[PDB]
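Heads up, upload-v6.txt below (compact mmCIF, C-alpha atoms and all ligand atoms):
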```txt
# COMPACT_ATOMS: atom_id res chain seq x y z
CA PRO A 1 100.33 -66.22 -74.51
CA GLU A 2 102.35 -69.06 -76.09
CA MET A 3 100.59 -72.41 -76.75
CA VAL A 4 101.94 -76.00 -76.75
CA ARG A 5 99.82 -78.88 -78.13
CA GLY A 6 96.69 -76.66 -77.85
CA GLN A 7 97.36 -75.80 -74.14
CA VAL A 8 98.03 -72.40 -72.59
CA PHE A 9 101.73 -72.62 -71.57
CA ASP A 10 102.15 -69.02 -70.48
CA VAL A 11 105.68 -68.43 -69.25
CA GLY A 12 107.18 -65.69 -71.37
CA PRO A 13 108.60 -63.29 -72.23
CA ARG A 14 111.57 -64.53 -70.07
CA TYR A 15 111.17 -68.10 -71.30
CA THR A 16 110.92 -68.67 -75.07
CA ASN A 17 111.15 -71.44 -77.70
CA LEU A 18 109.10 -73.98 -75.85
CA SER A 19 109.83 -77.58 -76.67
CA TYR A 20 107.45 -80.11 -75.22
CA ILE A 21 109.40 -82.63 -73.01
CA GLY A 22 106.41 -84.71 -71.74
CA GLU A 23 103.91 -84.99 -68.84
CA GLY A 24 104.57 -85.52 -65.11
CA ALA A 25 103.43 -84.52 -61.57
CA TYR A 26 100.27 -82.36 -62.45
CA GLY A 27 100.54 -82.07 -66.22
CA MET A 28 102.56 -80.43 -68.96
CA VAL A 29 106.32 -79.89 -68.99
CA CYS A 30 108.40 -78.03 -71.58
CA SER A 31 112.00 -77.07 -71.89
CA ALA A 32 112.46 -73.40 -72.71
CA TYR A 33 115.29 -70.99 -73.28
CA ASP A 34 115.81 -68.81 -70.19
CA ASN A 35 116.63 -65.41 -71.72
CA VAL A 36 118.22 -64.11 -68.39
CA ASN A 37 120.67 -66.95 -67.45
CA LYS A 38 121.07 -67.95 -71.14
CA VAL A 39 120.45 -71.71 -70.68
CA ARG A 40 117.60 -74.09 -71.45
CA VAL A 41 115.48 -74.84 -68.30
CA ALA A 42 112.57 -77.18 -67.55
CA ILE A 43 109.15 -75.66 -66.72
CA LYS A 44 106.27 -77.58 -65.31
CA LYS A 45 102.63 -76.26 -65.37
CA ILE A 46 100.58 -76.88 -62.24
CA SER A 47 96.77 -76.36 -62.24
CA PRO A 48 95.87 -77.51 -58.64
CA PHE A 49 93.33 -74.99 -57.24
CA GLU A 50 90.12 -77.05 -57.74
CA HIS A 51 91.23 -80.03 -55.59
CA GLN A 52 92.41 -80.05 -51.94
CA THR A 53 94.88 -82.95 -52.52
CA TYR A 54 96.38 -81.20 -55.58
CA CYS A 55 96.82 -78.01 -53.57
CA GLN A 56 98.24 -79.88 -50.56
CA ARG A 57 100.86 -81.73 -52.64
CA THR A 58 101.77 -78.57 -54.61
CA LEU A 59 102.17 -76.48 -51.46
CA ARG A 60 104.16 -79.21 -49.70
CA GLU A 61 106.58 -79.53 -52.69
CA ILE A 62 107.05 -75.77 -52.98
CA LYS A 63 107.69 -75.15 -49.23
CA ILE A 64 110.24 -78.04 -49.11
CA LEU A 65 112.10 -77.29 -52.33
CA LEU A 66 112.41 -73.58 -51.49
CA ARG A 67 113.80 -74.42 -48.01
CA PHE A 68 116.25 -77.03 -49.28
CA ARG A 69 119.55 -76.21 -50.86
CA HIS A 70 121.61 -79.23 -51.97
CA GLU A 71 123.51 -80.37 -55.07
CA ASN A 72 121.55 -83.72 -55.18
CA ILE A 73 118.08 -82.16 -54.69
CA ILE A 74 116.30 -80.33 -57.56
CA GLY A 75 115.97 -76.61 -56.79
CA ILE A 76 113.29 -74.15 -57.81
CA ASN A 77 114.89 -71.41 -59.95
CA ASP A 78 111.68 -69.42 -60.59
CA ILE A 79 107.87 -69.60 -60.15
CA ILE A 80 105.54 -67.89 -62.64
CA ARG A 81 102.02 -66.93 -61.61
CA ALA A 82 99.52 -64.06 -61.95
CA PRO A 83 99.98 -60.97 -59.75
CA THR A 84 96.83 -61.50 -57.72
CA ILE A 85 95.07 -64.49 -56.18
CA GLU A 86 91.94 -63.68 -58.18
CA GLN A 87 93.82 -63.98 -61.51
CA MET A 88 96.05 -66.92 -60.44
CA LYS A 89 94.89 -70.13 -62.20
CA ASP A 90 98.15 -71.93 -62.98
CA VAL A 91 101.62 -71.92 -61.45
CA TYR A 92 104.75 -72.60 -63.51
CA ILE A 93 107.78 -74.02 -61.67
CA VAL A 94 111.15 -73.44 -63.38
CA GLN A 95 113.96 -75.86 -62.62
CA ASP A 96 117.40 -76.79 -63.99
CA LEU A 97 116.96 -78.80 -67.18
CA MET A 98 117.78 -82.49 -66.58
CA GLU A 99 117.85 -84.35 -69.81
CA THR A 100 116.82 -87.73 -68.40
CA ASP A 101 115.84 -89.74 -65.29
CA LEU A 102 116.86 -93.09 -63.85
CA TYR A 103 113.53 -94.75 -65.03
CA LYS A 104 114.31 -93.81 -68.69
CA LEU A 105 117.98 -94.70 -68.27
CA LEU A 106 117.19 -98.16 -66.87
CA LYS A 107 114.68 -98.91 -69.65
CA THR A 108 117.45 -98.37 -72.32
CA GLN A 109 121.00 -98.51 -70.80
CA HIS A 110 123.21 -101.02 -69.01
CA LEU A 111 124.95 -99.32 -66.09
CA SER A 112 128.57 -99.98 -65.36
CA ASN A 113 129.47 -100.79 -61.74
CA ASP A 114 131.11 -97.34 -61.63
CA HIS A 115 127.84 -95.63 -62.66
CA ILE A 116 125.81 -97.68 -60.13
CA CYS A 117 128.24 -96.73 -57.37
CA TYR A 118 128.16 -93.00 -58.32
CA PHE A 119 124.37 -92.87 -58.67
CA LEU A 120 123.91 -94.68 -55.30
CA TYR A 121 126.37 -92.26 -53.65
CA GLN A 122 124.48 -89.18 -54.94
CA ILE A 123 121.08 -90.65 -53.94
CA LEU A 124 122.34 -91.27 -50.36
CA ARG A 125 124.14 -87.89 -50.21
CA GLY A 126 120.81 -86.12 -51.10
CA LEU A 127 118.86 -88.39 -48.72
CA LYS A 128 121.28 -87.54 -45.83
CA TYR A 129 120.31 -83.87 -46.25
CA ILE A 130 116.54 -84.64 -46.47
CA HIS A 131 116.64 -86.86 -43.36
CA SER A 132 118.85 -84.33 -41.50
CA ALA A 133 115.88 -81.86 -41.97
CA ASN A 134 113.57 -84.47 -40.30
CA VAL A 135 111.82 -84.97 -43.66
CA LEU A 136 110.86 -88.25 -45.34
CA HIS A 137 110.64 -88.23 -49.12
CA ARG A 138 108.29 -91.30 -49.14
CA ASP A 139 108.21 -91.79 -52.92
CA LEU A 140 111.75 -92.53 -53.97
CA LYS A 141 111.81 -94.42 -57.25
CA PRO A 142 113.80 -94.25 -60.52
CA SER A 143 111.44 -91.71 -62.22
CA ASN A 144 112.04 -89.27 -59.24
CA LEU A 145 115.82 -89.27 -59.77
CA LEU A 146 116.78 -86.80 -62.43
CA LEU A 147 120.06 -86.98 -64.36
CA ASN A 148 121.78 -84.56 -66.64
CA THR A 149 124.25 -85.28 -69.50
CA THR A 150 127.16 -85.55 -67.13
CA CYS A 151 125.29 -87.94 -64.78
CA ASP A 152 124.72 -85.42 -61.94
CA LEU A 153 121.76 -86.84 -60.01
CA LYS A 154 118.98 -84.83 -58.30
CA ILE A 155 116.10 -86.14 -56.27
CA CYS A 156 112.74 -84.61 -57.13
CA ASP A 157 109.00 -84.83 -56.38
CA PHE A 158 108.42 -84.03 -52.68
CA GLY A 159 104.59 -84.15 -53.11
CA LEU A 160 104.27 -87.10 -50.70
CA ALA A 161 106.94 -85.93 -48.22
CA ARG A 162 106.23 -85.70 -44.50
CA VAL A 163 107.96 -84.63 -41.35
CA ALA A 164 109.23 -87.75 -39.55
CA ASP A 165 106.95 -88.97 -36.71
CA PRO A 166 108.21 -92.29 -35.40
CA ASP A 167 106.05 -92.24 -32.22
CA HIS A 168 102.94 -92.22 -34.49
CA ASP A 169 104.13 -94.81 -37.09
CA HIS A 170 101.95 -97.72 -35.88
CA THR A 171 98.83 -98.84 -37.68
CA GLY A 172 96.83 -102.02 -38.44
CA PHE A 173 97.29 -104.61 -41.06
CA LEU A 174 96.49 -103.80 -44.74
CA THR A 175 96.22 -100.01 -44.11
CA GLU A 176 95.99 -98.21 -47.41
CA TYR A 177 99.05 -96.26 -48.59
CA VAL A 178 99.71 -93.62 -51.30
CA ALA A 179 103.39 -94.09 -52.35
CA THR A 180 104.47 -96.17 -55.42
CA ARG A 181 103.83 -99.85 -54.81
CA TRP A 182 107.11 -101.54 -56.03
CA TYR A 183 109.33 -99.35 -53.67
CA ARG A 184 107.12 -99.84 -50.49
CA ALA A 185 108.79 -101.38 -47.47
CA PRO A 186 107.21 -104.62 -46.14
CA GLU A 187 106.07 -102.91 -42.90
CA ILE A 188 103.71 -100.59 -44.87
CA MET A 189 101.53 -103.69 -45.55
CA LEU A 190 101.80 -104.90 -41.95
CA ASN A 191 101.95 -102.15 -39.29
CA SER A 192 103.50 -98.92 -40.56
CA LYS A 193 102.24 -95.48 -41.75
CA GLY A 194 105.63 -94.69 -43.39
CA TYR A 195 106.53 -92.05 -40.81
CA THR A 196 110.14 -93.19 -40.18
CA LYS A 197 113.38 -92.67 -42.11
CA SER A 198 113.72 -96.46 -42.64
CA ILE A 199 110.88 -96.17 -45.22
CA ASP A 200 113.16 -94.27 -47.63
CA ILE A 201 116.11 -96.61 -47.10
CA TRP A 202 113.97 -99.57 -48.31
CA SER A 203 113.12 -97.55 -51.49
CA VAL A 204 116.83 -96.89 -52.06
CA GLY A 205 117.55 -100.61 -51.66
CA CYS A 206 114.93 -101.37 -54.32
CA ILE A 207 116.53 -98.73 -56.62
CA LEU A 208 120.00 -100.25 -56.09
CA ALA A 209 118.67 -103.75 -56.98
CA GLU A 210 117.00 -102.28 -60.11
CA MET A 211 120.29 -100.62 -61.18
CA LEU A 212 122.05 -104.04 -60.86
CA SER A 213 119.67 -105.85 -63.28
CA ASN A 214 117.56 -103.15 -65.09
CA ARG A 215 114.38 -104.75 -63.70
CA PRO A 216 112.42 -103.90 -60.57
CA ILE A 217 113.21 -106.35 -57.81
CA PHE A 218 109.66 -106.58 -56.34
CA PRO A 219 107.11 -105.89 -59.15
CA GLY A 220 103.91 -106.51 -57.17
CA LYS A 221 100.66 -106.25 -59.14
CA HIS A 222 98.52 -105.08 -56.19
CA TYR A 223 98.65 -104.25 -52.51
CA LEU A 224 99.25 -107.65 -50.78
CA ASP A 225 101.13 -109.12 -53.87
CA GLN A 226 103.91 -106.58 -53.06
CA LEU A 227 104.54 -108.42 -49.74
CA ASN A 228 104.45 -111.85 -51.66
CA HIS A 229 107.35 -110.53 -53.85
CA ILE A 230 109.45 -109.27 -50.90
CA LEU A 231 109.02 -112.52 -48.93
CA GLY A 232 109.80 -114.57 -52.09
CA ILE A 233 113.34 -113.11 -51.98
CA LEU A 234 114.07 -112.31 -48.32
CA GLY A 235 112.39 -115.52 -47.18
CA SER A 236 110.27 -115.98 -44.08
CA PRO A 237 110.93 -113.53 -41.25
CA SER A 238 112.71 -114.80 -38.18
CA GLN A 239 110.96 -115.41 -34.88
CA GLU A 240 112.63 -112.27 -33.45
CA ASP A 241 111.43 -110.10 -36.40
CA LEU A 242 107.89 -111.47 -36.09
CA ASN A 243 107.89 -110.81 -32.36
CA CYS A 244 108.49 -107.13 -33.19
CA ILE A 245 105.10 -107.13 -34.97
CA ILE A 246 102.66 -106.94 -32.05
CA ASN A 247 99.52 -106.54 -34.23
CA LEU A 248 97.82 -109.96 -34.32
CA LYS A 249 96.23 -109.72 -37.77
CA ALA A 250 99.66 -108.79 -39.26
CA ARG A 251 101.57 -111.45 -37.14
CA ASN A 252 99.08 -114.23 -37.91
CA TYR A 253 99.11 -113.46 -41.63
CA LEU A 254 102.85 -113.99 -41.70
CA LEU A 255 102.55 -117.15 -39.55
CA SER A 256 99.99 -118.55 -42.00
CA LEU A 257 102.45 -118.54 -44.96
CA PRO A 258 104.49 -121.62 -45.91
CA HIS A 259 108.19 -121.39 -45.04
CA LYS A 260 110.23 -119.61 -47.80
CA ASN A 261 114.02 -119.66 -47.90
CA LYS A 262 116.12 -116.60 -48.67
CA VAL A 263 117.26 -116.20 -52.32
CA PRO A 264 121.03 -115.39 -52.11
CA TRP A 265 121.75 -111.99 -53.58
CA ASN A 266 124.72 -113.36 -55.54
CA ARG A 267 122.30 -115.76 -57.38
CA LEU A 268 119.88 -112.92 -58.23
CA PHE A 269 122.80 -110.61 -59.23
CA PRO A 270 125.63 -112.89 -60.45
CA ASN A 271 127.52 -109.96 -62.10
CA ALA A 272 127.21 -107.57 -59.09
CA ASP A 273 130.10 -106.25 -57.03
CA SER A 274 130.15 -108.19 -53.71
CA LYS A 275 130.35 -104.94 -51.64
CA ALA A 276 127.22 -103.64 -53.51
CA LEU A 277 125.38 -106.84 -52.49
CA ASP A 278 126.46 -106.50 -48.81
CA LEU A 279 125.08 -102.93 -48.80
CA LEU A 280 121.91 -104.05 -50.65
CA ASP A 281 121.29 -106.73 -47.98
CA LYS A 282 121.52 -104.08 -45.23
CA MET A 283 119.08 -101.70 -46.99
CA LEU A 284 116.63 -104.53 -47.75
CA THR A 285 116.38 -105.78 -44.22
CA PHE A 286 112.85 -106.92 -43.27
CA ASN A 287 112.91 -105.44 -39.74
CA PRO A 288 112.95 -101.61 -40.12
CA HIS A 289 114.75 -101.28 -36.74
CA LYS A 290 117.67 -103.40 -38.08
CA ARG A 291 117.74 -101.57 -41.44
CA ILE A 292 120.84 -99.51 -42.19
CA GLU A 293 120.50 -95.71 -41.78
CA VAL A 294 121.57 -93.20 -44.46
CA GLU A 295 124.81 -92.10 -42.75
CA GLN A 296 125.85 -95.77 -42.21
CA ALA A 297 125.12 -96.54 -45.84
CA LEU A 298 127.36 -93.65 -46.98
CA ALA A 299 130.18 -95.08 -44.76
CA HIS A 300 129.79 -98.61 -46.28
CA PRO A 301 132.91 -99.99 -48.12
CA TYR A 302 130.97 -100.02 -51.44
CA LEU A 303 131.06 -96.18 -51.40
CA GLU A 304 134.68 -95.73 -50.12
CA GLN A 305 135.85 -93.95 -53.25
CA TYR A 306 133.27 -91.18 -52.65
CA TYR A 307 132.60 -91.13 -48.83
CA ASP A 308 133.55 -87.82 -47.31
CA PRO A 309 131.20 -86.70 -44.49
CA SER A 310 132.56 -83.15 -44.53
CA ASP A 311 131.32 -82.91 -48.13
CA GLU A 312 127.95 -84.48 -47.31
CA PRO A 313 126.10 -81.47 -45.88
CA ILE A 314 123.11 -81.41 -43.58
CA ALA A 315 120.19 -78.96 -43.31
CA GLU A 316 120.74 -75.84 -41.14
CA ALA A 317 117.48 -76.61 -39.26
CA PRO A 318 114.70 -79.25 -38.94
CA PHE A 319 111.63 -78.74 -41.12
CA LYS A 320 108.13 -78.19 -39.70
CA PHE A 321 104.83 -77.46 -41.52
CA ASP A 322 103.22 -74.30 -39.98
CA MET A 323 99.72 -75.95 -39.82
CA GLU A 324 98.51 -79.52 -40.47
CA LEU A 325 98.01 -79.12 -44.26
CA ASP A 326 95.70 -82.19 -44.36
CA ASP A 327 92.62 -80.30 -43.03
CA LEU A 328 92.97 -76.81 -44.61
CA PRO A 329 90.25 -75.62 -47.09
CA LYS A 330 91.43 -75.21 -50.74
CA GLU A 331 90.87 -71.40 -50.52
CA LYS A 332 93.34 -71.17 -47.64
CA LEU A 333 95.68 -73.51 -49.69
CA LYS A 334 95.47 -71.31 -52.88
CA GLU A 335 96.20 -68.34 -50.58
CA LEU A 336 99.18 -70.16 -48.99
CA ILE A 337 100.59 -71.10 -52.45
CA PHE A 338 100.25 -67.41 -53.49
CA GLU A 339 102.20 -66.35 -50.38
CA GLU A 340 104.86 -69.05 -50.73
CA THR A 341 105.51 -68.01 -54.40
CA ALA A 342 105.63 -64.21 -53.71
CA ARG A 343 109.46 -64.00 -53.61
CA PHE A 344 109.67 -64.56 -57.42
CA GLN A 345 107.49 -61.56 -58.30
CA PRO A 346 108.69 -58.13 -59.41
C1 LIG A 401 110.66 -85.08 -60.49
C2 LIG A 401 109.92 -86.17 -61.25
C3 LIG A 401 110.00 -86.01 -62.75
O1 LIG A 401 110.16 -84.90 -63.27
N1 LIG A 401 109.91 -87.16 -63.45
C4 LIG A 401 109.44 -87.33 -64.77
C5 LIG A 401 108.37 -86.58 -65.24
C6 LIG A 401 107.95 -86.77 -66.53
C7 LIG A 401 108.60 -87.70 -67.32
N2 LIG A 401 109.63 -88.43 -66.89
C8 LIG A 401 110.04 -88.24 -65.63
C1 LIG A 402 108.41 -84.65 -68.31
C2 LIG A 402 109.64 -84.59 -67.89
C3 LIG A 402 110.17 -83.62 -66.92
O1 LIG A 402 109.45 -83.15 -66.03
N1 LIG A 402 111.47 -83.29 -67.07
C4 LIG A 402 112.28 -82.50 -66.22
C5 LIG A 402 111.87 -82.12 -64.95
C6 LIG A 402 112.72 -81.36 -64.19
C7 LIG A 402 113.94 -81.01 -64.70
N2 LIG A 402 114.36 -81.38 -65.91
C8 LIG A 402 113.54 -82.11 -66.66
```
Output the structure of this file as structure tokens.
Ligand SMILES: *CCC(=O)Nc1cccnc1
Ligand SMILES: C=CC(=O)Nc1cccnc1
Amino acid sequence: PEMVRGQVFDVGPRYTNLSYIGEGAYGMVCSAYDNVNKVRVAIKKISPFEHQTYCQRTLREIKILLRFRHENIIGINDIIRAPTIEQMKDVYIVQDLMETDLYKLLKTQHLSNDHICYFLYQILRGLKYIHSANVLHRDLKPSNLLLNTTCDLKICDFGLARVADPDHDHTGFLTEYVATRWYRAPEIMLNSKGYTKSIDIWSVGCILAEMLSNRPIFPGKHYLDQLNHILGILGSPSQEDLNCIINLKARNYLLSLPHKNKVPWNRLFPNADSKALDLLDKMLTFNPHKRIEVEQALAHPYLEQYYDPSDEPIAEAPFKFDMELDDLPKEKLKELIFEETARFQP
């Protein structure tokens, strides 16, 4: 069994010449030569069977990625595991090798308007498919957008994804949330569980703003500071938008703040294309009900050079988890992971 930095990275004989390419979702990732397709691939090692949350997120990612088939969503090419549940300790997931991601690209590279437009198009094209399957990604951010050397873009990491559930979206004020803080929509801090499609659109808006300046637009340092950042740019919500927030603790918090005026997008992004800023405004709308939807965003003039709804496929059917994964014991989850990965065995 081959080793990488003192770890068991046991993928062969199909996959040889391991080069370490960093750490990610649940640990070690290497590129490797696939001796069957004759290309380098990425392989991630998952060791999740101790912990219920690890198993839940692993199972959720596998079920979704195996069901999805889209050019802008990372596929699973292969899964390596032991032949029996008793011997299964790790799972290796083999995916197309993507040389970089938008987090790394933004730390080092200025994007042309043409690149920003193309990246945004591919993000929305992928998101149209995800939403058409009644799935919410819920953790869109630059590091979950993979890019290859020709700038093909693929969304990854469906570990926090959920089936959409708008009739159960309501919650109290300051309800804790799992997804990455800088890309959280304002309503998460106020009255939302992140069970509607508008949650992902806000993330995309944040990603667009970050592509325009190479800096995150709302870099909050902790839970409520994230809302301070958002309101610092959008300004105080309107009476109508406050009236949509029925929860008193949430409403009254917002009423307690001094008045803040909107920062014009063209002052934050003086070099941006005006059509990009019109689309940004519509994605970063405070009221989730007024927020642009993915299909409308694709049809926006900013994306006219690429928009073609006949080449923007949807899922053949809505997604549904068989059981509520959030209260299954880890032995049933190991067993479900074994079953879900069975198709890749001899
Ligand atoms: C799908 C998320 C992903 O692979 N992102 C990433 C992992 C490790 C290092 N850099 C990016
Ligand atoms: C640590 C980086 C990483 O996980 N890289 C990766 C993932 C998927 C596809 N290509 C490359």
Give me the residues within 7 Å of region 50-61 of chain A as a PyMOL selection string, counting all atoms listed in the file and dropping any in the same chain fewer than 3 places off. chain A and resi 64-65+157-160+325+329-330+333-334+337
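Proximity ranking of A:260, A:320, A:110, A:45 relative to ligand LIG 402 (chain A) places A:45 first, based on all atoms listed in the file.
Separating CA of residue 114 (chain A) from CA of residue 74 (chain A) is a distance of 22.9 Å.
Taking only C-alpha atoms and all ligand atoms into account, ligand LIG 402 (chain A) has within 6 Å the residues residues 21, 22, 23, 24, 29, 42, 95, 96, 97, 98 and 99 of chain A.
Taking CA of residue 308 (chain A) as the reference point, CA of residue 125 (chain A) is found at 9.8 Å.
Of the residues under consideration (A:200, A:71, A:90, A:293), A:90 shows the shortest atom-to-atom contact distance to residue 7 (chain A) when counting all atoms listed in the file.
Proximity to residue 141 (chain A) was assessed for A:35, A:108, A:180, A:228 counting only C-alpha atoms; the smallest distance is recorded for A:180.
Proximity of A:261, A:143, A:109, A:17 to ligand LIG 401 (chain A), computed with all atoms listed in the file, is greatest for A:143.
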